[PDB]
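Going by the entry's author numbering, the first residue of the sequence shown is number 1, and it counts up by one from there.
For every residue, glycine included, the Cβ atom is placed at its ideal position computed from N, Cα and C.
Comments concern the structure below.
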Amino acid sequence: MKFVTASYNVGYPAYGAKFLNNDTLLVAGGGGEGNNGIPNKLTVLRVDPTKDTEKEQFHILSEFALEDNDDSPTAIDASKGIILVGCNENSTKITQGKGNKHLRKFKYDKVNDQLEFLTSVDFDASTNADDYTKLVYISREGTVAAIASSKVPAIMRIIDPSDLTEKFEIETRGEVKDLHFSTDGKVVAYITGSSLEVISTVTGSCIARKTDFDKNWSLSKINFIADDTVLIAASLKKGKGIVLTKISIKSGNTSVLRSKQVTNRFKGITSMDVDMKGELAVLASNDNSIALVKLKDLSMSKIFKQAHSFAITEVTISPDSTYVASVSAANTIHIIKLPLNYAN
Ligand SMILES: [K+]
Ligand SMILES: [K+]
């Protein structure tokens, strides 16, 4: 079975990507703070991998130049017009205590193809330039968001993405590997390497947790796939493989619905996304593959080998499930076009 694919070098190491609509892709990344002449940017592209030339396949609509001597962005998300970007200021500034407005709010003006900076905030008050914003997610309705820094033990901050105010701070036990919101925004679930923690975004209260996973599993990624159901991807510590598990969440309780080792071909994964329909998952592996997983069967149906040269940093599915995009620190964007209703 053949898939239409296309690739493009965006000109800088890419660390984040998100579809803004069915064919418009936001990419973020950069050369970092050094005097290397490699910019730090947000780029909005219209994608159509069926066109004849790379410039037609990847049509640049807008670019926003971040500071040349800013760090490169590390994480982004977008919902309901709000774009949130995690990006450190210059390291000297951070270390001196001048402030680090590391969570930034942008919008993209569709009518005009213009990106605009709106506001930014220093949430962490960090003076350690080695710490960065590892996770940024916004809920589907766009009224709550969560961020988490790279520092361990991690703090997860639940925030209002309209004005960048903090709702509350969650002091977690150790490293936060990933997090995701329920579609109604009322619940946030996060994972450490060995546990699932489920928290109310309304009260900050604990809803449920699970710590009794197989001792050979290192939890890696989490996404909601139905109202009260999460998909967790884990890697094997000893041996090689990826396990996917579906877990329902109740007040005070969780239940494992279904679990399957979907492959022994990958040691780890760098990124995962699930489509709006909850039918398709996409994985990026440590060895630079993109994999398609049909969730109804938990079956890995296709692997694209060497989709990027190294360091796939994010994979994202368009809202209509037509396109899978991935980006990498090797400066490339890879697009796969999927058949209608593929995940069935
Ligand atoms: K630079
Ligand atoms: K996630």
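- At least 8 Å separates the beta-carbon of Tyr12 from that of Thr332.
- The residue from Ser235, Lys2, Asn90, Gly239 with its alpha-carbon nearest to that of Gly99 is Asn90.
- Rounded to whole angstroms, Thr172 and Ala226 show a C-alpha spacing of 25 Å.
- It is roughly 13 Å from the alpha-carbon of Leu244 to the alpha-carbon of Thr229.
- Sorting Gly81, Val187, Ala208 by C-alpha distance to the C-alpha of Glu197 places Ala208 at the top.
- One residue after another in chain order, those with a Cβ under 7 Å from a heavy atom of ligand 2 are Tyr137, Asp178, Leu179, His180, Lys221, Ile222, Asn223, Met272.
- Contact check for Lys186 against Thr201 passes: the beta carbons are separated by less than 8 Å.
- Counted as a single uninterrupted DSSP element, the alpha helix (DSSP H) harbouring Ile94 occupies residues 91–96.
- Looking from the CA of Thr24, the closest CA among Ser299, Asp273, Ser62 belongs to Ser62.
- In this model, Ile38 and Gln96 are separated by some 25 Å (Cα to Cα).
- Assignment of beta strand (DSSP E) within the stretch 173–200, counting only whole runs of 3 or more residues, yields 178–181, 187–191, 196–200 in chain order.
- When DSSP reads this structure, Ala226 sits in a beta bridge with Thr229.
- When the five nearest sequence neighbours on each side are left out, the beta carbons in the same chain lying within less than 7 Å of the beta carbon of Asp287 are those of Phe266, in order along the chain.
- For the set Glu279, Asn264, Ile199, the Cα lying nearest the Cα of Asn253 is the one of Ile199.
- If you draw a 10 Å sphere on the C-beta of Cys87, you find 16 or more other C-beta atoms in it, and that means buried.
- Contact between the stretch 103–114 and the stretch 175–194 is absent: fewer than three C-beta pairs spanning the two stretches fall below 8 Å.
- The alpha-carbon separation between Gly142 and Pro161 amounts to approximately 7 Å.
- In the DSSP assignment, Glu169 falls within the beta strand (DSSP E) that extends over 165–171.
- Going by C-alpha positions, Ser321 is about 15 Å away from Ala17.
- Under a 10 Å Cβ-count criterion, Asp52 is classified as exposed, with fewer than 16 other Cβ atoms of the shown protein chains found around its own Cβ.
- By the C-beta density criterion, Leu340 is exposed, having fewer than 16 other C-beta atoms within 10 angstroms.
- With respect to the 8 Å criterion, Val4 and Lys337 are classified as neighbours on the basis of their beta carbons.
- As DSSP reads the structure, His59 sits in a beta bridge with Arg46.
- Per DSSP, reduced to three states, the secondary structure at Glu279 is coil, with no helix or strand assignment.
- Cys206: member of the beta strand (DSSP E) spanning 206–210, first to last residue.
- Exclusion of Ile94 from the 7 Å shell around ligand 1 follows from its C-beta lying no nearer than that to any non-hydrogen atom of the ligand.
- Linking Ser248 to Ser255 through their CA atoms gives a straight-line distance of about 5 Å.
- By the beta-carbon neighbour count (other beta carbons within 10 angstroms, threshold 16), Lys134 is buried.
- In its chain, beyond the 5 residues on either side, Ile269, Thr270, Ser271, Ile290, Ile312, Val315, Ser326 have a beta carbon closer than 7 Å to the beta carbon of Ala284.
- For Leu118, the enclosing beta strand (DSSP E) covers residues 114–121.
- For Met156, the enclosing beta strand (DSSP E) covers residues 155–160.
- The alpha-carbon separation between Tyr132 and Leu103 amounts to approximately 10 Å.
- Judged by the Cβ position, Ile170 fails to qualify as a neighbour of ligand 1 at the 7 Å threshold, every heavy atom of the ligand being at least this far.
- Following the DSSP letters along the chain, one finds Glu314 inside the beta strand (DSSP E) bounded by residues 312–317.
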